[PDB]
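The chain below stands alone and is given in structure tokens; this is the form deposited in one PDB entry.
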């Protein structure tokens, strides 16, 4: 069978916590009344939820209600417990309240509101400084939650609210977030297709926070090369191929060989053989202002097959790519 792997940071946080911290299946939820809040309009639907603008009739303030599509009680407890545990954390969305309609009796979560900025204006006049700035904000969220023994597992653009006016970022949707436990084997059917780490794509279940670090690499990559998405795969299988055409096959097969992964027979014929491309092949006229030897160097240290060699959030935060935002924050 496959070789075991431990997270090399925050490995044992959860063990040293009281059982209540992570035993969310026994968390007892106290359901307020959904009539505290009046739905105003629908802000977008999803597979797991639908989200509405609402106002809280008591203090008259704008809020957001995420009405959860039917899923196992425990998956709801999980997301609540994780939100409860991470509250006040840098750039984590704030759970305000938890309610349940009186008639339909359907659970919902009430979140703080974020004056989100249109991505059409946030993907043309976004400067190389703004990309380093907000990326550093995401690492604040990632390093906090990882330090709190939590992996997010759905890092993707649609989950990062930015209030460009106030220069505020919030990491949202913890529906997929889970607790890290050394040795645990996890469901690899997680995150969105363009931000799956190779470990999900090859079915290696003993992964850790390093998964969140790949998804970040995908996003930085797509922003400095102005290619959305950067790895554009048709399915989960072709996604690995699109990755292999860029990182090379030789590292991929070493990764498989090192963890003694058993690769799918489907993959036995589509991966082929590909060299590792230098990042210079992706820089052109329109995007050269966002590319630099520091971004490239930081990017290359995030996108790695081997999850153990990916930078931790705290290492990322110390990378020279962020030297200016660190200095300006003082």
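Each form is matched to the other, and the largest set of C-alpha atoms that superpose within 1.5 Å is called the rigid core. Positions refer to the first chain, counted from 1.
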item: Comparing 264-272 with 53-61, the one whose average Cα B-factor in the PDB entry is higher; value: 264-272
item: Higher-B stretch (mean Cα B-factor, as the entry records it), 173-181 or 220-228; value: 220-228
item: Selection by C-alpha B-factor (highest) of 85, 147, 116, 215; value: 116
item: Residue, from 304, 47, 66, 41, that the PDB entry assigns the highest Cα B-factor; value: 47
item: Third of chain Cα B-factors occupied by residue 210; value: lowest
item: Third of the chain, ranked by Cα B-factor, where residue 237 sits; value: highest
item: Chain-relative CA temperature factor third for residue 158; value: middle
item: Record-listed C-alpha B factor of residue 192: chain third; value: middle
item: Lowest, middle or highest third - CA B-factor, residue 90; value: lowest
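Unshown form deposited in another entry; subsequent notes refer to it.
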property: Mobile residue between this form and the one not shown, C-alpha criterion 2 Å or more, rigid core, from 237, 129, 253, 119; result: 119
property: Rigid core superposed: residue 102 CA moves 2 Å or more between this form and the one not shown; result: yes
property: Residue 33 C-alpha relocation of at least 2 Å between this form and the one not shown, rigid core basis; result: yes
